[PDB]
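One structure below.
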Amino acid sequence: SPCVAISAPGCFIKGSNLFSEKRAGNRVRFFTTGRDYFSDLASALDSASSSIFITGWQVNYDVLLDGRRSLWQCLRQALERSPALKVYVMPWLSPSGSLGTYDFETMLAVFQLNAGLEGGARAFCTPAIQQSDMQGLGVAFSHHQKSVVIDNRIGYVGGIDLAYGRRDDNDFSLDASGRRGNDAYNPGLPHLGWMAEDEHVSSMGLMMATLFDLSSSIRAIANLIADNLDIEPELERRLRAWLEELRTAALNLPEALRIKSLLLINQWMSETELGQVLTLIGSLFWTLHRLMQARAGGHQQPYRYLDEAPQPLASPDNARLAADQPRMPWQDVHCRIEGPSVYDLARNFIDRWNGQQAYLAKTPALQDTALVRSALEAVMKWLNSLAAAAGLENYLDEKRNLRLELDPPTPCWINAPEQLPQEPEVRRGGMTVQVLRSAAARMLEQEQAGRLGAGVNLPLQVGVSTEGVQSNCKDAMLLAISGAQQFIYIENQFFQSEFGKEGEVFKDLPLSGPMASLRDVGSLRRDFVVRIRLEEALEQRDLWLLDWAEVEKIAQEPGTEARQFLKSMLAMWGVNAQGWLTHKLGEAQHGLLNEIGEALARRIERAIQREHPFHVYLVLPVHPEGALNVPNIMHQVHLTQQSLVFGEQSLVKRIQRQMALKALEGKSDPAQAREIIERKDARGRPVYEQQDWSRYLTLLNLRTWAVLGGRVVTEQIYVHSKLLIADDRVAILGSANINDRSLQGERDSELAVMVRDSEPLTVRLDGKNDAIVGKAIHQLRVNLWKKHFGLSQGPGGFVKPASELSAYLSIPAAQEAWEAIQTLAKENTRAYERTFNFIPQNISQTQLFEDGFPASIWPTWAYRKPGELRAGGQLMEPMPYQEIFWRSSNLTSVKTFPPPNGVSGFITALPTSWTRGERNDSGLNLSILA
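When you line the sequence shown up against the authors' numbering, it's residues 24 to 238, 328 to 342, 346 to 396, 417 to 983, 993 to 1074, in that order.
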């Protein structure tokens, strides 16, 4: 019975900003591997006969779905099979190609789906502009939903984008050598191998096959700005004199020349509309979009390297992981839904699509159209010059006499009855599903305008809202947390949640040693810094104010220190400058806003008060995907550790204070009790820190290791899931991270489902007392635990199965279960740390403080002076984000590592002391990181 019935109060969310109401009668299939979701999707695309809707934060056309065909090939085969079928692809329109989503390339690939299709175009791609309420900071926000709907009858939703690196299985293999192109995925490592140019498609190759029917960089960028220059009259004159100076420069440019080049180039890419399009590679973009869509659609056949000879997309520099370099394994959860709630998934896609169409199709003012037209001629001047240089001049000549292409961005509505879903009849039984959104007030307004423009008003349930911010994902998590009776299991990419005041940062250390090395001018060599007047140029936020005469003399100064200084100085400038920009774009919040951490602690506090058992499992990534020496990554780690342990009102401290206060219950009245528990102990720590919070909370990371190319290697298993289970009775699955960006509702858009199974299963969650739970929810958690314990892998692993834990799979609320899980995780971590000093961990192994010195954000870092921590420091041994970790240099040789001994399962302990004392503040606007 517990929450089984559809009238049961407190089981699904209600209130004033619902995207949907719960519906019974669904069939849900859960995917616990990306391989299984992609394989299931390929099969469903092979059945599609009417419509295919795809939206995602990242959509990569060349990703293999079924081991043989790309997403693109599966879409093309469906269009050829079903003459009435239409395809719509809505990837997030990222503001920079540097985010690695490749939406621009996928867009061109989608255009090619129409090449040679009998009849008109039936494949459409509209990349989706963020519709947040964050005003000037909107550029930092995204559409983060991951959803696919086929024939308005099969709906997919969860955390898995159709993207590089997402496909993976129960082996979490580190070998990347069989992955194709960018699907060999590890953003934290330098990529020291080569993608052969004749086996990979370049973006330019793809553009060239879009425009025509084919069936150092400083001097390079300079000669490009030259041809399109003949712009604010001041920048023109600097660019006038700049070009003349290059024409007489030496093969090796003077340093002052080489830096004012990158200042002038950076001004061009950011200020003029032409360079603004290349950084995306304005309504210039949409006019280009229409032109390219129309050209590709007239071609006789799709580009050969999409279909006849499918090759992966290359990376921008054709670098890839070398044979000895590990991929980063991908942990994620997704599902497939059939039944009434597919209607709500279809409604999300259709209303979003039509809202984007209404937005982009608005007519500009004549003076704006005149600027877009002018920039388009140049953009088409640039693209046509590359084509000439690529030996495609004959294709250029054949188009000389055609009509000037400038058709207006026109709305492509989804409004034919065949593409629209039918309002479902009420059902009973099966799975009850409620579709949840995070969506900004601005988003809902554009959706209303798309309903008006397309003439589409899909019937809504009563009490569904079409106005105001939707924060359904946060509200459903809060409901599940407060309603939980025995335990909660959470997998999430993030734990960033309101934690009170920042805590534990060492006095006399305004910035951590590592962060100061990236941000703080006082960490550079002072004699070079004072000579070029760097400090003062930073104070006035203008790099032109350096003493360029001293810049060139240091540039010639022989040895190591002088060549290095200018490099680090310029990198520091960029970090500082990004900090200044993000604070100018919009107001910064103070601290984190979402209350997930408080709500988990509040539920544990109730257990403490009642003297009842309760437990929360949190499974999180070791650290955000990417390299640990990137400031925004370092800052997210900082906020994670504050949210979990170091903040004054962190999850662990909220729990410990409540345990301490209960120990004093009756003995003392309040107010005084709150002061007695703060009294500092022998080592200077508040006495409530003696409370064993591990009775209530287990924190886990995932890790594996292998011998790759004759070398011992390790990598985090990236927990990308966004999954919450309570009591094996409800699952919340979707795209919403535990951070402000996902949960507040007015920032990134998100999509999720709350699922309950009406099919009962009798279990003993705590090992003793019978409980009726949801059969498929229970099975989902059991499958995830089998996977993380190493019980689902095939033969030939380096990590053994943790078969000692199979006894606990069905009793997650038993104290014996979490105690066994904690013990094995701690033992795995000890085995890893015996050989790897560079992984996140509690105690520094290189600094050589009763337990020792806490390990730094860069674990091989040591501070020069324990007394004056602001004296700086250095990496004592390489970090994996460095090339010398992987490849010998003239003075260093590649260090090796003994294999870990005794690791069973992939679970490891989250290091609750990692970075204690360090303020890893990137200087970026906290609202962008929150």
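For every residue, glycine included, the Cβ atom is placed at its ideal position computed from N, Cα and C.
DSSP places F76 in no alpha helix (DSSP H) but in the uninterrupted beta strand (DSSP E) bounded by 74-79.
In the assembly as shown, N367 is an exposed residue. Its beta-carbon has fewer than 16 other beta-carbons within 10 Å.
Sequence-distant Cβ neighbours of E696 in its own chain, meaning closer than 7 Å and more than five residues away, are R660. In the DSSP assignment, the residues bridged to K857 are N627. In this model, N607 and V898 are separated by some 30 Å (Cα to Cα). Taken in chain order, the complete alpha helix (DSSP H) segments of 4 residues or longer contained in the stretch 474-501 are 477-495.
Around the C-beta of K922, 16 or more other C-beta atoms lie within 10 Å, and the residue is accordingly described as buried.
Runs of the beta strand (DSSP E) lying entirely within the stretch 162-204 and spanning at least 3 residues, in chain order: 170-173, 177-181. Under DSSP, the beta-bridge partners assigned to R471 are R52, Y179. Taking all protein chains in view, the Cβ of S30 is surrounded by fewer than 16 other Cβ atoms within 10 Å, so the residue is classified as exposed. Counting only the Cα atoms, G694 lies some 20 Å from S1032.
Judged by DSSP secondary structure, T1036 falls outside any alpha helix (DSSP H); it is assigned neither H nor E. Bounds of the alpha helix (DSSP H) holding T717 are 696-720. The Cβ atoms of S778 and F630 lie closer than 7 Å to each other. Counting C-beta atoms within 10 angstroms of its own C-beta, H214 has 16 or more neighbours from the protein chains shown and is therefore classed as buried.
C-alpha of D827 to C-alpha of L678: approximately 53 Å in a straight line. The secondary-structure analysis by DSSP pairs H750 across a beta bridge with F622. For the pair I616 and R738, the Cα-to-Cα distance works out to about 7 Å. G588: member of the alpha helix (DSSP H) spanning 576-589, first to last residue. The three-state secondary structure of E103, taken from DSSP, is helix. A Cβ-Cβ separation of about 6 Å places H758 in contact with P975 under the 8 Å criterion. Under the Cβ criterion (8 Å, minimum of three pairs), the stretch 464-475 counts as touching the stretch 49-64.
The alpha carbon of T717 has as its nearest neighbour, out of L587, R965, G1067, the alpha carbon of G1067. Spanning the alpha carbons of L389 and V507 requires a straight line of approximately 10 Å. Around the beta carbon of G48, 16 or more other beta carbons sit within 10 angstroms, so the residue counts as buried. Where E885 is concerned, the enclosing beta strand (DSSP E) starts and stops at 885-892. Straight through space, the alpha carbons of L237 and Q436 are spaced by roughly 9 Å. Residue range 906-909 is occupied by the beta strand (DSSP E) that includes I907. In the DSSP annotation of this structure, the continuous segment of the beta strand (DSSP E) that includes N836 starts and ends at 832-843.
Shortest Cα-Cα distance from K1009 to any of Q1018, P1003, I1001 involves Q1018. Just measuring C-alpha positions, the residue of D883, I852, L64, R916 sitting nearest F622 is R916. When only Cα atoms are considered, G123 and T964 end up about 32 Å apart. Between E850 and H167 the beta-carbon gap is near 24 Å, outside 8 Å, which marks them as no contact. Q1018: member of the beta strand (DSSP E) spanning 1017-1019, first to last residue.
The alpha-carbon of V822 is positioned some 36 Å away from that of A871. Counting only the Cα atoms, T387 lies some 28 Å from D682.
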